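**Student:** My structure is below; once you've seen it, I'll send some questions.
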Amino acid sequence: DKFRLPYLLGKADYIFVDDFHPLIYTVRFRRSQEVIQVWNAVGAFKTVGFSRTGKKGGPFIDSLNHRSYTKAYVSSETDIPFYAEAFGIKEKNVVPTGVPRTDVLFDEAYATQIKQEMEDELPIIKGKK
Amino acid sequence: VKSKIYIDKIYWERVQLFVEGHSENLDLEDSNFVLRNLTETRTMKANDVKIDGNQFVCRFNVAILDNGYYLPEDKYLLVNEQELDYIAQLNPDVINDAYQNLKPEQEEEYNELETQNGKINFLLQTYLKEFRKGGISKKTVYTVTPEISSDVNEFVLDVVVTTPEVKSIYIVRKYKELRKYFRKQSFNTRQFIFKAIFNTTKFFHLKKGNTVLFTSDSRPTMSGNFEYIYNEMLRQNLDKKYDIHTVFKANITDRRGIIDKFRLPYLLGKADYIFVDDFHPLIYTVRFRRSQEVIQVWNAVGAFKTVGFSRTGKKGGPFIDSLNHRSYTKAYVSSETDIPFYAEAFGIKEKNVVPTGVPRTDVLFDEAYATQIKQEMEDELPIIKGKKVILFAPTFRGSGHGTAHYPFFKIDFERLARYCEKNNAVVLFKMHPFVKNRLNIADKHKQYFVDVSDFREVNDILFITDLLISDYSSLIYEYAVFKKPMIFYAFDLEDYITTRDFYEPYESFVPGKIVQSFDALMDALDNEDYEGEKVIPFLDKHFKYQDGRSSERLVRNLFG
Ligand SMILES: Nc1ccn([C@@H]2O[C@H](COP(=O)(O)OP(=O)(O)OC[C@@H](O)[C@@H](O)[C@@H](O)CO)[C@@H](O)[C@H]2O)c(=O)n1
């Protein structure tokens with residue numbers, strides 16, 4: 001994997017990133033390459049990224065800690081400025097399509113199945129609330 | 001009433017800077033707010049602009065503005081792009097609001113303010129936002145402070161990016177140190193050999209020769225002041241008695257040819273009459289014998305702005321112990337009143353300063369040359385056939401040639417062009433040769449405005465113009481001979497007076513209206529009142545001789 005990471009980063013057109021990935025921020029990508037950041041957290045609640053500038057543990061304004069993104073995907077349009085400025089990327093890059101992990105909360109069949117599974121594996125949840 | 005847009009309040013979110021205000025006589029529906037630098041190289045639209053009637057708020061992001069990066073070290077104006085731009089002037093409410101909320105120690109520090117700009121900056125330091133990594137570090141700072149820039153007299157957002165000195169590997173550091181040492185040794189050896197050859201060359205004569213040397217570090221070939229002195233010498237058979245040598249360099253920072261490198265010191269030692277025209281630093285590092293003469297024929301005409309030792313204690317000036325202008329015996333000025341100022345400037349005795357008239361002004365009092373140059377400028381520039389011709393000609397706003405610059409944005413092209421269209425007049429522009437900016441001209445602008453920064457003859461255009469909008473240059477001296485009015489664009493009078501003042505007070509010295517803002521220009525030209533009644537006294541007083549025989553008197557005085 002040590003050899004695969006730089007070579008694959010160089011040759012891969014589409015790259016998906018889930019969280020802070022420090023290695024990907026030490027290189028410059030071609031314009032043809034699309035680096036995609038799909039944040040694990042659903043929405044913009046707690047100050048992340050460049051919004052911590054001036055606070056402890058926050059990157060400097062000139063750092064490249066989240067710049068190399070082509071697309072970032074967010075839950076709703078009200079997160080476009082917050083997350084766009086958090087990654088230090090353009091607002092056109094950030095798009096409100098919805099988090100891929102939120103696709104699991106609206107399926108009825110999985111809801112019922114997991115309800116039964118949690119009832120079985122936790123006997124205490126037999127109660128009313 | 002002119003449409004204006006003001007800044008009412010400056011918020012600051014986490015890293016996001018907000019500007020809110022209102023505008024009058026201006027519909028903001030199609031507004032494009034930007035952050036434009038004084039040098040006009042960086043524009044960046046506000047990320048979000050919310051508009052409610054004449055009220056507005058502009059959401060600026062110092063993290064993603066510069067095409068995705070942060071705002072670099074510069075000074076930015078808030079400009080509403082449109083068919084006509086608008087530089088947002090700060091409301092006086094904002095600077096009033098800070099003024100009433102000073103803690104007593106702030107008040108104690110507040111009294112030592114020289115001018116309005118210092119008051120403005122100190123009051124607006126309460127809108128500062130400093131970003132330090134972790135909030136503690138004092139060595140990496142990204143600070144944005146709204147302020148009215150003294151140099152441009154306009155509201156700006158100074159962004160200072162303090163970064164530590166990043167050093168490379170010890171091999172590269174050793175290489176850099178060795179390179180610096182080698183450069184220092186080379187410079188020392190060159191100075192040693194220059195001093196040696198000059199000293200030896202003068203020591204072998206100890207007598208009165210017949211050689212005349214013209215030198216200038218900033219005038220390729222013989223031209224300017226030297227040309228008239230040389231022509232006057234040749235006219236009265238002074239080339240049949242003396243021998244004339246010329247040593248020239250393209251510019252101050254340029255290097256010299258192989259022959260001239262060692263020919264200049266040899267002639268400096270040998271020459272009895274040595275001629276200079278401006279700062280010639282290779283001459284102020286040597287000592288001359290008494291029988292020699294170093295004639296300083298300054299390019300400019302009169303003592304308008306400070307120069308030499310007269311700016312000691314000010315930035316860019318020499319300390320009182322320097323020899324930077326002292327090796328002269330006959331410095332020639334155009335008026336009696338220039339003797340004390342110019343003797344102070346050069347650091348020479350006042351008897352060394354003679355009021356004969358600068359030879360460059362030989363042509364201004366001529367008549368055949370007037371018709372000749374009028375025909376030449378009419379043919380080569382047919383656009384000057386308008387009813388009146390106006391000439392903008394400001395001086396450099398920088399500290400010197402190395403820092404040459406000009407914030408042109410102070411001039412709005414469209415309003416002047418509309419005035420020209422209404423008045424069937426033409427305005428011509430000639431920035432100083434010590435400039436680095438290039439003019440940009442638009443469609444209707446080309447039909448009136450003319451970019452003139454290439455014409456070799458400095459006084460070429462003054463023969464045709466019926467006005468002159470200049471602020472601080474000595475061009476008003478040459479133009480004064482034509483009995484014409486001029487307007488003065490004292491845009492940054494306070495800052496310029498602070499940096500380098502004038503040998504006389506500015507407000508009364510200038511022969512014309514004083515003017516601070518562009519609206520004052522349209523007031524003066526639209527009303528067609530210029531106070532030309534005082535340009536005739538200026539020409540009478542600051543020009544000792546009106547006979548136009550300056551070169552003749554200079555050569556007669558020097559040689560007999
Ligand atoms: N648009 C322009 C304006 C001016 N010019 C020519 O440039 C010369 C000097 O002009 P300027 O004074 O601005 O330059 P400096 O600051 O170096 O002069 C220092 C000081 O000695 C001098 O001002 C004196 O008046 C005070 O003692 C003059 O010949 C002008 O014709 C030009 O070609 N085009």
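How things are named: the first chain in the structure tokens is A, the next is B, and so on; residues count from 1 in each chain; ligands count from 1 in the order shown.
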Pick out the residues no farther than 9 Å from ligand 1, counting only C-alpha atoms and all ligand atoms, and list them as a VMD selection string.
**Tutor:** chain B and resid 224 278 298 to 308 338 341 to 342 345 360 391 to 396 400 to 401 429 to 434 452 to 453 455 to 459 470 472 to 478 502 to 503
**Student:** Find the residues in chain A near chain B: any atom within 6 Å counts, using only C-alpha atoms. Write them as a list in words.
**Tutor:**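 So the contacting residues turn out to be residues 51, 54, 55, 56, 57, 60, 88, 89 and 90 of chain A.
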**Student:** Write the residues of the preceding selection, restricted to C-alpha atoms, as a compact mmCIF listing (two decimals), in the first residue's frame.
**Tutor:**
```
# COMPACT_ATOMS: atom_id res chain seq x y z
CA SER A 51 -13.10 27.62 10.43
CA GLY A 54 -7.21 31.46 15.20
CA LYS A 55 -8.37 28.78 17.64
CA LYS A 56 -6.19 26.07 19.15
CA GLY A 57 -5.76 23.06 16.91
CA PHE A 60 -3.33 28.46 9.37
CA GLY A 88 -11.07 26.01 1.97
CA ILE A 89 -12.54 25.23 -1.45
CA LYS A 90 -14.82 27.07 -3.85
```
**Student:** Enter the distance from atom CA of residue 354 of chain B to atom CA of residue 332 of chain B, in Å, rounded to one decimal.
**Tutor:**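 Result for atom CA of residue 354 of chain B versus atom CA of residue 332 of chain B: 5.0 Å, one decimal.
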**Student:** For residue 407 of chain B, find every residue with an atom within 8 Å (counting only C-alpha atoms), except residues of its own chain fewer than 4 positions away, and show them as a compact mmCIF listing (two decimals) with N, CA and C atoms, in the first residue's frame.
**Tutor:**
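This went into part-v4.txt:
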```
# COMPACT_ATOMS: atom_id res chain seq x y z
N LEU B 38 -4.85 48.21 -5.03
CA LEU B 38 -4.48 49.54 -5.51
C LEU B 38 -3.74 49.46 -6.84
N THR B 39 -2.93 48.43 -7.03
CA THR B 39 -2.15 48.28 -8.25
C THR B 39 -2.95 47.69 -9.40
N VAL B 152 -3.12 56.50 -0.97
CA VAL B 152 -4.19 56.61 -1.96
C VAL B 152 -5.39 57.37 -1.43
N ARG B 397 4.39 58.15 -7.19
CA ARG B 397 3.94 58.06 -5.81
C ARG B 397 4.88 57.23 -4.94
```
**Student:** Please return, as a PyMOL selection string, all residues of segment 42-184 of chain B that DSSP assigns to alpha helix (DSSP H) on the basis of the backbone.
**Tutor:** chain B and resi 92-99+104-110+116-124+170-184
**Student:** Write to file, as a compact mmCIF listing (two decimals), in the first residue's frame, the residues of the selection just made, with N, CA and C atoms.
**Tutor:**
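Result saved to result_13.txt:
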```txt
# COMPACT_ATOMS: atom_id res chain seq x y z
N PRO B 92 -18.91 58.44 7.78
CA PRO B 92 -18.30 59.05 8.96
C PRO B 92 -18.93 58.58 10.25
N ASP B 93 -20.07 57.88 10.17
CA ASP B 93 -20.68 57.30 11.36
C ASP B 93 -19.77 56.23 11.96
N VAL B 94 -19.17 55.41 11.11
CA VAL B 94 -18.30 54.34 11.60
C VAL B 94 -17.12 54.91 12.35
N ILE B 95 -16.51 55.96 11.81
CA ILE B 95 -15.34 56.53 12.45
C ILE B 95 -15.75 57.46 13.58
N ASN B 96 -17.00 57.91 13.59
CA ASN B 96 -17.51 58.60 14.77
C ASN B 96 -17.78 57.60 15.89
N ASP B 97 -18.35 56.45 15.55
CA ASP B 97 -18.76 55.49 16.58
C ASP B 97 -17.57 55.01 17.39
N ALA B 98 -16.44 54.75 16.73
CA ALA B 98 -15.25 54.36 17.47
C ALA B 98 -14.73 55.51 18.32
N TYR B 99 -14.87 56.74 17.83
CA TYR B 99 -14.24 57.88 18.48
C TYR B 99 -14.79 58.12 19.88
N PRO B 104 -9.49 55.35 28.63
CA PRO B 104 -8.64 56.53 28.88
C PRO B 104 -7.20 56.41 28.41
N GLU B 105 -6.58 55.23 28.53
CA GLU B 105 -5.24 55.06 27.96
C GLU B 105 -5.25 55.17 26.44
N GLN B 106 -6.30 54.69 25.78
CA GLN B 106 -6.42 54.92 24.35
C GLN B 106 -6.48 56.41 24.05
N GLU B 107 -7.20 57.17 24.88
CA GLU B 107 -7.24 58.62 24.71
C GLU B 107 -5.85 59.22 24.91
N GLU B 108 -5.10 58.72 25.89
CA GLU B 108 -3.76 59.24 26.13
C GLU B 108 -2.86 59.00 24.92
N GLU B 109 -2.98 57.83 24.30
CA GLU B 109 -2.24 57.57 23.07
C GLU B 109 -2.80 58.34 21.88
N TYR B 110 -4.05 58.79 21.96
CA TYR B 110 -4.72 59.40 20.82
C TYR B 110 -4.26 60.82 20.52
N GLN B 116 -5.07 63.78 9.88
CA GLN B 116 -6.34 63.09 9.88
C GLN B 116 -6.18 61.60 9.60
N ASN B 117 -5.17 61.22 8.81
CA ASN B 117 -4.98 59.81 8.49
C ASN B 117 -4.55 59.01 9.72
N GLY B 118 -3.68 59.58 10.55
CA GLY B 118 -3.32 58.90 11.79
C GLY B 118 -4.51 58.74 12.72
N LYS B 119 -5.33 59.79 12.83
CA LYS B 119 -6.56 59.69 13.61
C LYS B 119 -7.46 58.60 13.06
N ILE B 120 -7.58 58.52 11.74
CA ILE B 120 -8.47 57.55 11.12
C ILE B 120 -7.97 56.14 11.39
N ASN B 121 -6.67 55.92 11.21
CA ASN B 121 -6.10 54.58 11.40
C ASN B 121 -6.19 54.15 12.85
N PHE B 122 -5.86 55.04 13.79
CA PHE B 122 -5.89 54.65 15.20
C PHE B 122 -7.31 54.37 15.66
N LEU B 123 -8.28 55.13 15.16
CA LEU B 123 -9.67 54.88 15.53
C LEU B 123 -10.18 53.58 14.94
N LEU B 124 -9.70 53.20 13.76
CA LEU B 124 -10.19 52.01 13.07
C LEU B 124 -9.42 50.75 13.45
N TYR B 170 21.51 22.79 5.38
CA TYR B 170 22.76 23.46 5.73
C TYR B 170 23.68 23.61 4.53
N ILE B 171 23.60 22.70 3.56
CA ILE B 171 24.40 22.84 2.35
C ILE B 171 24.00 24.10 1.59
N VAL B 172 22.70 24.30 1.42
CA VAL B 172 22.22 25.47 0.69
C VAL B 172 22.51 26.75 1.48
N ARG B 173 22.38 26.68 2.81
CA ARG B 173 22.70 27.85 3.63
C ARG B 173 24.17 28.22 3.50
N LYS B 174 25.05 27.22 3.53
CA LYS B 174 26.47 27.49 3.35
C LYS B 174 26.74 28.06 1.96
N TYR B 175 26.06 27.53 0.94
CA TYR B 175 26.23 28.06 -0.41
C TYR B 175 25.80 29.52 -0.48
N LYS B 176 24.67 29.86 0.15
CA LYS B 176 24.20 31.23 0.13
C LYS B 176 25.17 32.16 0.85
N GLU B 177 25.69 31.72 2.00
CA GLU B 177 26.66 32.53 2.72
C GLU B 177 27.92 32.74 1.90
N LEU B 178 28.40 31.69 1.25
CA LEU B 178 29.60 31.81 0.41
C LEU B 178 29.35 32.73 -0.77
N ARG B 179 28.17 32.64 -1.38
CA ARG B 179 27.84 33.52 -2.49
C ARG B 179 27.79 34.97 -2.04
N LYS B 180 27.19 35.23 -0.88
CA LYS B 180 27.15 36.59 -0.36
C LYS B 180 28.56 37.11 -0.09
N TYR B 181 29.41 36.27 0.49
CA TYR B 181 30.79 36.68 0.77
C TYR B 181 31.54 36.97 -0.52
N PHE B 182 31.36 36.13 -1.54
CA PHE B 182 32.02 36.35 -2.82
C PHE B 182 31.54 37.63 -3.48
N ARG B 183 30.23 37.90 -3.41
CA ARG B 183 29.71 39.14 -3.97
C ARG B 183 30.28 40.35 -3.24
N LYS B 184 30.37 40.28 -1.91
CA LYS B 184 30.94 41.38 -1.15
C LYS B 184 32.40 41.61 -1.52
```
**Student:** Give me, as a count of residues only, all polymer residues having an atom no more than 10 Å from residue 149 of chain B, counting only C-alpha atoms and skipping those fewer than 2 positions away in the same chain.
**Tutor:** 20
**Student:** Between atom CA of residue 271 of chain B and atom CA of residue 210 of chain B, measure the distance and give it in Å to one decimal.
**Tutor:** 7.6 Å
**Student:** So how many Å separate atom CA of residue 276 of chain B and atom CA of residue 242 of chain B, to one decimal?
**Tutor:** 17.7 Å
**Student:** Counting only C-alpha atoms, which of B:425, B:51, B:554, B:468 gets nearest to residue 296 of chain B?
**Tutor:**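 Using only C-alpha atoms, residue 296 of chain B sits closest to B:554.
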**Student:** Pick out the residues sitting within 10 Å of segment 230-236 of chain B, and hand them over as a ChimeraX atom specification; count only C-alpha atoms, and ignore anything fewer than 6 positions along from it in its own chain.
**Tutor:** /B:214,222-223,242,244,359,549-556,559
**Student:** Next, the residues of the selection above should be written as a compact mmCIF listing (two decimals), in the first residue's frame with N, CA, C and O atoms.
**Tutor:**
```txt
# COMPACT_ATOMS: atom_id res chain seq x y z
N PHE B 214 31.34 65.08 -19.78
CA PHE B 214 29.91 65.00 -19.50
C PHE B 214 29.59 63.59 -19.03
O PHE B 214 29.96 62.62 -19.69
N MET B 222 24.13 61.63 -25.49
CA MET B 222 24.07 63.03 -25.11
C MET B 222 22.71 63.61 -25.47
O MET B 222 22.31 63.60 -26.64
N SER B 223 21.99 64.11 -24.47
CA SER B 223 20.68 64.72 -24.67
C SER B 223 20.34 65.50 -23.41
O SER B 223 21.08 65.48 -22.42
N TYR B 242 39.18 73.26 -26.23
CA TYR B 242 39.07 72.16 -25.30
C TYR B 242 38.82 70.87 -26.07
O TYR B 242 38.43 70.88 -27.23
N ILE B 244 36.57 67.28 -25.59
CA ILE B 244 35.34 66.93 -24.89
C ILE B 244 35.20 65.42 -24.86
O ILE B 244 35.37 64.75 -25.89
N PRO B 359 19.97 75.29 -18.91
CA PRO B 359 20.04 75.28 -20.38
C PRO B 359 18.91 74.53 -21.06
O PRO B 359 18.64 74.79 -22.23
N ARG B 549 18.41 82.46 -23.00
CA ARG B 549 19.82 82.35 -23.32
C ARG B 549 20.57 81.69 -22.17
O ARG B 549 21.67 82.10 -21.80
N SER B 550 19.97 80.66 -21.58
CA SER B 550 20.53 80.04 -20.38
C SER B 550 21.86 79.36 -20.67
O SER B 550 22.81 79.48 -19.89
N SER B 551 21.94 78.62 -21.77
CA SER B 551 23.18 77.93 -22.11
C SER B 551 24.31 78.91 -22.34
O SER B 551 25.46 78.65 -21.96
N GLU B 552 24.01 80.05 -22.97
CA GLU B 552 25.03 81.05 -23.22
C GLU B 552 25.61 81.57 -21.91
O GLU B 552 26.83 81.68 -21.76
N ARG B 553 24.75 81.88 -20.94
CA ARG B 553 25.25 82.38 -19.66
C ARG B 553 25.99 81.29 -18.90
O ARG B 553 27.00 81.57 -18.25
N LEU B 554 25.52 80.05 -18.98
CA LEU B 554 26.22 78.96 -18.29
C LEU B 554 27.63 78.79 -18.83
O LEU B 554 28.60 78.70 -18.07
N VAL B 555 27.77 78.77 -20.16
CA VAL B 555 29.08 78.58 -20.76
C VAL B 555 29.97 79.80 -20.54
O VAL B 555 31.17 79.67 -20.28
N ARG B 556 29.40 81.01 -20.62
CA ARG B 556 30.17 82.21 -20.34
C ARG B 556 30.69 82.21 -18.91
O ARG B 556 31.85 82.54 -18.66
N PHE B 559 33.45 79.18 -18.59
CA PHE B 559 34.67 79.27 -19.37
C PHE B 559 35.14 80.69 -19.64
O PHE B 559 36.35 80.91 -19.79
```
**Student:** So which residues touch segment 5-16 of chain A within 6 Å, counting only C-alpha atoms, skipping near sequence neighbours fewer than 2 positions away, as a PyMOL selection string?
**Tutor:** chain A and resi 1-3+33-37
**Student:** Which is closer to residue 80 of chain A than all the others in A:24, A:44, A:64, A:109, using only C-alpha atoms?
**Tutor:** A:44
